[PDB]
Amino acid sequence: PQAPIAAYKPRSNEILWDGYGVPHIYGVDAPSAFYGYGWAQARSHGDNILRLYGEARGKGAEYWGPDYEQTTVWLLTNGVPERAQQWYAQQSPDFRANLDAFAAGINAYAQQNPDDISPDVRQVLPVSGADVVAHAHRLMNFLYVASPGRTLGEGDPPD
């Protein structure tokens, strides 16, 4: 019964980025790797991540005005931001620490590279473990499963 190749055992925390901008995140424990992963996502996609986290907070209308208002009403009416606070508290301790670390990774990227963050999304920082949970909750339950379109009767193309 042939065993898989020996697992690699990281002795320091580092991202080795390849030539296509793929991060290989090595962490000495789970929280370290989640932090590295958050740093990497902020480097590669930070502006849109911050915007989306802002919206999952229910603060789209407040941060960016009328274009974001209908989403704000959809999410506040469905209690998404508060439910994400509840879900965050309801996490297992070990997994909550991974979420906290992923958020700290984003914040740390932005703190150390503030030139890379677009002005309009700076007001979103800092982000929290709960922001992460909230965006996932919006995506799964209130984009994929329950869309504003099917409830409000705006029924037309796939997007």
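Residues carry their position along the shown sequence, with the first being 1.
Engineer: Output the stretch having the higher mean C-alpha B factor in the entry; the candidates are 19 to 27 and 6 to 14.
Structural biologist: The stretch with the larger mean CA B-factor is 6 to 14.
Engineer: For the C-alpha atoms alone, is the average B factor greater in 65 to 73 or in 45 to 53, going by the entry?
Structural biologist: Taking the mean B-factor of the alpha carbons in each, 65 to 73 is higher.
Engineer: Sorting the chain's modelled residues by C-alpha B-factor, tell me whether residue 116 ends up in the lowest, middle or highest third.
Structural biologist: Highest third of the chain for residue 116's C-alpha B-factor.
Engineer: Taking the chain's C-alpha temperature factors as the reference, tell me which third residue 94 falls into: lowest, middle or highest.
Structural biologist: Ranked within chain, residue 94 CA B lands in the highest tercile.
Engineer: Sorting the chain's modelled residues by C-alpha B-factor, tell me whether residue 110 ends up in the lowest, middle or highest third.
Structural biologist: As the PDB entry reports it, the C-alpha B-factor of residue 110 lands in the highest third of its chain.
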